[PDB]
């Protein structure tokens, strides 16, 4: 054990959609990652927010995270935190950095849909095809109940229709208008913005990375193929041991046919770009990014624990 990852300010890990600190109180969202960071000297706190909510709004994840951050500061005696968000958690982290900029030293986003998800667009379009709303009522109720039952604290504030809308491309574009950041490039550029921001006189270091396991191949009859570059084709252990591997290849194929380009199954490379983009080359699907399921990743996927650890060192060397 050592101080490789000892940052000045505590690290707050911020989960995305479906999440909680520990599913059913048994499976860490950030599997193995708090342990590894702490072994290397980081002070690490894991937020437990609604798995299904918007980021803004009085009932949203942003205000939940703000309240949590204030408790972390009081406990640690620190004046700021380093926010590290996966998936929607990067959007939640942006909210806190905008509304409480004096409490934040840095924002790092991992597979965050800054520009939304084409898969969310697909789901919302399908629900809109039923004019009765019954599909929305039934599916969202099931998802909400999943959220309640799997939340470590049985948090009953679960609104799957709000989270779905939040993660659409149209709504993300509105979010970016409402909560701008210098870390964002222009819409449609597929390029990042500035590596730092000063918000209300408070400087924030901005970082991101993305997984691009799912790559487009050939188009035949208007249908574009895809391949999962994380895996040995077909026979990779990850296809057998982690049900998300094949599922995210499928969702990523759908997204490619909606015009996403390369993606992690749920978030495109372009959507994920923010601040200083440290990599978009990891052969990762969306939950490989958080060392899931149970550390299982394709043979060609880099170790996400080591990537996060190295980033804590980067933060340390940057003075946060």
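Numbering follows the first chain given and starts at 1.
Taking only CA atoms, the mean B-factor in the PDB entry is higher for 131 to 139 than for the other of 131 to 139 and 93 to 101.
Stretches 112 to 120 and 149 to 157 differ in mean CA B factor, with 149 to 157 having the higher one. As recorded in the PDB entry, 68 shows the highest C-alpha B-factor of the residues 282, 30, 68, 52. Highest C-alpha temperature factor among 191, 239, 144, 229 per the entry: 191. Among all modelled residues in this chain, the alpha-carbon of residue 63 has a temperature factor (C-alpha) in the highest third. Per the PDB record, residue ranking by Cα B-factor puts residue 289 in the lowest third of the chain. In this PDB entry, the Cα temperature factor of residue 258 sits in the middle third of its chain's modelled residues. When the CA B factors of the chain's modelled residues are split into thirds, the value for residue 36 lands in the middle one. In the deposited entry, the Cα temperature factor of residue 307 sits in the bottom third of values across the chain's modelled residues.
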